[PDB]
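The letters A, B, C and D name the chains in turn, as written, and every chain counts its residues from 1.
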Amino acid sequence: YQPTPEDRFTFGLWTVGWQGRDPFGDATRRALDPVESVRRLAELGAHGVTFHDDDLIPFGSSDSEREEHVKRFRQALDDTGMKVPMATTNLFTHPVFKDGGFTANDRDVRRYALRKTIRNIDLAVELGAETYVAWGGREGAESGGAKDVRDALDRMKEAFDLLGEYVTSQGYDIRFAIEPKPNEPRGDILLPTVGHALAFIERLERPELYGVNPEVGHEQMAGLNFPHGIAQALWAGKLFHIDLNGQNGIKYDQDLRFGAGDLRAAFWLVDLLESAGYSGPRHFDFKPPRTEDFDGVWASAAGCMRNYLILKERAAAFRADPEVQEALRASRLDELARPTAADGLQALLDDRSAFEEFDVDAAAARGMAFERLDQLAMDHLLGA
Amino acid sequence: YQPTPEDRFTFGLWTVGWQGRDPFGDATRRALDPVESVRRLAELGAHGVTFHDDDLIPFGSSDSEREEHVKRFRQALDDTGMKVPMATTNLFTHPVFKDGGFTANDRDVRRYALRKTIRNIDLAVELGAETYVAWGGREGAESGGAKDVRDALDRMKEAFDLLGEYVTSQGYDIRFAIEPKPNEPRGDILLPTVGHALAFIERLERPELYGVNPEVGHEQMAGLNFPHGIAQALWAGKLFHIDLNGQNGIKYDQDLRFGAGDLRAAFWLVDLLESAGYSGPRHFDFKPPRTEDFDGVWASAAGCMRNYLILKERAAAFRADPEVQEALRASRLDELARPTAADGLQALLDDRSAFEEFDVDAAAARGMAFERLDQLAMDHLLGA
Amino acid sequence: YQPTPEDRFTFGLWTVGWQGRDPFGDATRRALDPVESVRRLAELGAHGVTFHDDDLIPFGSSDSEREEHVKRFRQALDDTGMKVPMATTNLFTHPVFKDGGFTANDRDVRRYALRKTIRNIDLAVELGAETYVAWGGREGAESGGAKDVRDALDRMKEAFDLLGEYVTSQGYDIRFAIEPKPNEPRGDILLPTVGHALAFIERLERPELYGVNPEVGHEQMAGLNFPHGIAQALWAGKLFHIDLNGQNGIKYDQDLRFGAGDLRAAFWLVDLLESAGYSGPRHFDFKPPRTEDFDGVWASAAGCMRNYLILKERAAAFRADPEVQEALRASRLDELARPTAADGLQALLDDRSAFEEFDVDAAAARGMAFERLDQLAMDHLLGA
Amino acid sequence: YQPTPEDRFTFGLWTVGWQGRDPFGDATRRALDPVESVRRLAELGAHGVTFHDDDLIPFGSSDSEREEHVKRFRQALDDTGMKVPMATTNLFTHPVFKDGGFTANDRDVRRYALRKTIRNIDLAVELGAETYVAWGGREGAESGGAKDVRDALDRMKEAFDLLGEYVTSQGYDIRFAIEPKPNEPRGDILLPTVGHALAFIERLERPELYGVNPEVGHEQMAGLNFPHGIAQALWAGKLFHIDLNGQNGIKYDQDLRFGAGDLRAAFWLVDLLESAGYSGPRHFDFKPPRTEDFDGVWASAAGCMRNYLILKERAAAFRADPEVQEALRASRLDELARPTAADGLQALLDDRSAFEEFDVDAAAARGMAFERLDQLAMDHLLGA
């Protein structure tokens, strides 16, 4: 279960580089130079790294400082063969964004958020990123009067529409992926789930340029089934990136390493990504716990990739098992895939076997055999 | 705070008629004749009643029994002046639907679900209903292998598309409202939130025929902000019906009377419905607690309407208060409503006040004044 | 991973016998004769069965009917070698208990609840049960004025004290195990967690006669860590019974088969029970999903036992691995087990290495190595 | 609804002094001198202030710096008439406590935690505090192998026992109040609820010296009913302090001003505190949202006190209303307060009206009238 860059595992700079500051605690680790993280991740068998503008270039940097930071980073990428598939903007840390970036009540802040983002899209393209993530983590409210959500959605559409116009105007080959989260750090966040984000995207001027970036833990913070949400995204053709991590239920955003948290959901996720042939990178957005030193940091990142690979093997063995293929037919998963009424409406209305002569009790007496199927899945996961 | 039929308050038959059976308990009340509920609700000042096919006509009824049940019901409606604005199908109670109706793995069940629904659409139109609700409460799974969600969404689209073709083919003036719920009775339910349902609707062959029917408690069972979700539905133009009730947090679906549960969220909901000029009926989907006798049943229903009316008065007084109007400007709610960049992209890119000369620290130092605003809202709610 | 009666696996009659009625659905299975469940469970390798009074003897039964039901049941137990380690009373199903049994506001109901329970304690002793469970599932409220919780706790203490006096007065060798649940079917249930129940027990007249019966799913419905709660119960010496099942997070009580739900928590539970040498039976309180026929019922029950046995093997291999024993020392689990100050208070106050000369920064720089340890645990669970 | 120091409202220094740093954000406010907070709070009508050692004296301070900080603080208290009823130790912020204070796996850290606490108990007594709070916010784990909870509870008992021995040995008049929290910042925290903390306390060498300090939001983060928990604490005689704030459901710890969050639960809490005659201070542990400037900070604190006072008036009017007193009798709240069997066990066993002649159906048919009662409570809360 050794990763190679062929597995397309990617990590944010802000993941392994998290210093360990939390709402109740100071940093437990020193800051990492992005150069050293590139090198360390490459040695573990990662394929690439991603970044927020402010992870790579300190906020307030001069043109000349900005150029140096990027130069050094590009040299580490060239020294290792690491790629940058994705970038994103920090619209959440600085106090100016305390009420939002794109949906800040202050219009001047909204304009500044757009300009900060556009500056970073140019950088992303320069580094070869083809996906640009937006996580509106400050877009929302703690109280009901502070934000009119209809006006905010108008502002959010206008921002995303302006970005689309920009990338179109530059001829850039980049698409956007909107990252939903239900809460934290705001009391409630706008576009709280994959579904709200998919629906929002269908109202944009150029919907083909935008997809979702679902994160395991964010959906699980609302008690939702992350595999189900990913399936809806895939069904829609809008899964443009994915963030992998662990989460133990409905609480603060834990960002555990992928595989920790809800292990069976992590199995069904890998099963789905692999069976759908998802072609994007397997991106980890996690935090090594503040209890850890740097050795524990690199062990944590390695564990993300290892767990993916074990689950990939177990899911592949599950689908390939003749006994599972038989159970899947016993549970009528093959019938779920057939059209309900390819014969058409009128034929359905004229079919007495669909109503007048349908034996509801015999249909009702047929067991689904789902427990046998699920026990086979558990035996495969556990290698029993 | 006395309701009149002008207030357009409606109730499901299955609400006041709930006998009190729960997963751990037998019925505590006898069955109500829909005639008696019509009369009792009219006396309390309700405007109308709604129904599942099986609330009005016992499952398995002959043509002649079906005709009698409907006759008697129509006579109560004519005796009282009560309307039927909405109907829906029961695709959840009978054992045949144990794995779904429209997304049952068994294709024969899917065809029967469609036919049962189409039969009830004809009845609804006959009674004057202009909205038809669909709550796929059995559509989902307890385990990951039992349902391929992409195949299920294909089946769900095909069902809703067939229904749309039917109503179009009959020239009926009725629209559909899809009711999301995240779980219960399935482990996870397909289209779990307002957002997932809005996004689904945009993939149907005739999206204009379908909206959402959000229910207070269903969104709150995922820890989501129900006013925020309603605002997104309104923004989309897809709020085709609403279900009002109470819920105390993330647990089983309580169906408390509207006003119980999350009282401040109920205030911000009424504020939003009234300020948006929502024109649909104020429909209550609640259960009088099994502790209650019939006197408590009618008190519970009366309390739904009373609480709405009190909250309507308090929200209206909040928005009309000059001191609140001033606080709203202090918090820049007027600025949230202005376009971010009506000047256009190029002008935003050339505006140095948006970036090079933007004073981020002075912007950041400006307080939002949201606590003053929220305390005014609390003072109004409480009449302090 | 084949169970034998030596493994001491037990099942409630109401588990495999659940007909599949839920709040939104009719029964999907016919009723099982307790005789047939005894036989079927014995064939699967169970050790015993447990019961509510009303699972074994229909409510309202004559003396002569009651005698026949018990006779037949005793014959199945004698035919199979199955034991009855535990019984309990149904104080929740019948409408009379709609506001409680022991804490019903109506005093006459409280007296009847006591008498119904005492009648069943005599039966339990007759069948050889040494543990008597009490689950006050109706003890609680949907609204704040309906129950004064201090008066209710007085009533609950008086009931448990009366029961203690009874068993003492009869010389019976039986102890009680109070089963906490945070909600469902009441809005909030009294003694909602293991902790509330442990604390309550310390106020009873004879605390040695009472322990807790924690259930996996009940603690998880409050988002609590079930292994942690069990460790507190063990630390207190009050783990008198345990109920094993699965639950996917904070939602209605799912009662999935043990092993489904939170798989890693199920691993750490088995690890703890086995390492503490818990000597009680491994009791399953689960419901085969209503999707299943009887073949699926027996597969579900078999899966409970199989999953326990797989997890027992994986936890045993984890603790026995020299590399895990080394990681446990690297993480200072051996130091957690040593007394903080066996030297005494005065020596701690006079120890400059504890304060004036304590190097806080060198202590703070030491990593805990918890991610390495946890990845070893994950590798063992998965057999990687 | 103007507070006076007679109302005994208290605030932590760390409340109004919170700079606004969160897991995703930098500080939005400058640091407050504790002198200025004392003055500002006194002007708003607060009675007192509380503190962590590190809120008043910067970590690492010399003896001479420590003396100056305390001097200045004492001068503000003398200038205003503000009291210090309570203090507590910071065992969570500094990196040295990343795995705990009293239950850190490293024994040297455990000894340092004790000494840091003992130093602050001496200060507290010097300032006149009679309650000392302990919030073990780092005591817990993100993973199952990192903490053996039985060993940790042994360490926690030993620490609390040592503290008890210290205060006894000094003749100090101070008691301890243990503050439960279910999670955050640890994945799961030891003693997660009021119940776990009450039960723990009964195992200490001198249980009379320890009580609980329940916080509204902490219980609500587990979805528990905070009034119910407070009633159990009162019933036990262990409510030694209380922390008041707001929380909207199961999510990260919001620390909203008291009255925001779950408004009806805040009503039933005040009802209970006032009706039980709780004599401790009404302590607010909240954070003014980071959106606010200092004007919003003082408005937020004022709003805590105002909301308490409004709710106190509404609860008092509810209990004093003859129509509510009648409803309370209709719902048999008077009967809940009577002993179930003051006649004794033998008389209960010989009473045929408790079993053989008990009419279960007539008992079952009696409605509880709880909805009428609850609507009266809602009308009072809203002043309708």
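The rule is simple: contacts are C-beta pairs under 8 Å (C-beta built on N, C-alpha and C of every residue); 3 or more make two chains touch, one makes a residue touch a chain.
To keep track of the chains, here are their UniProt names: A, B, C, D = Xylose isomerase.
> Does B-C or C-D have more contacting C-beta pairs?
If we tally the contacting C-beta pairs, C-D comes out ahead.
> In terms of contact pairs by residue number, which of B-D, A-D or A-B shares over half with A-C?
Of the listed pairs B-D, A-D or A-B, the one copying the A-C interface is B-D.
> Once you find the CA centre of chain B and the CA centre of chain C, what distance in Å lies between them?
So the centre of chain B lies 38 Å away from the centre of chain C.
> Measuring centre to centre with CA averages, how many angstrom lie between chain C and chain D?
Each chain reduced to its C-alpha mean, chain C and chain D end up 29 Å apart.
> Provide the list of chain B residues touching at least two other chains, using ranges where the numbers run on.
Chain B, residues with two or more chain partners: 28, 94-95, 98-99, 142-143, 146, 183, 187, 221, 223, 248, 250-251, 260, 264, 289, 291, 364, 366, 368, 370-371, 374.
> Within their complex, state which residues of chain C touch chain A.
Within the complex, chain C contacts chain A at residues 1, 28, 220, 223, 248-251, 257, 259-264, 288-289, 291-296, 299-300, 302-303, 306-307, 310, 314, 364-372, 374-375, 378, 381-384.
> Tell me, which parts of chain A touch chain D in their complex?
20-28, 92-95, 97-99, 137, 142-143, 146, 183-185, 187, 221, 248, 250-254, 256, 260, 289-291
> Okay, in this complex, where on chain D does chain C touch?
For this pair, the touching residues of chain D are 94-96, 98-99, 102-103, 105-112, 114-116, 118-119, 141-155, 158-159, 162, 165-166, 169, 182-183, 187-188, 190-200, 202-203, 221-225, 227-229, 231-232, 234-236, 250, 264-265, 267-268, 271, 276, 327-328, 331-333, 335-341, 345, 348-349, 351, 353-355, 358, 360-361, 363-364, 366, 368, 370-371, 373-374, 376-377.
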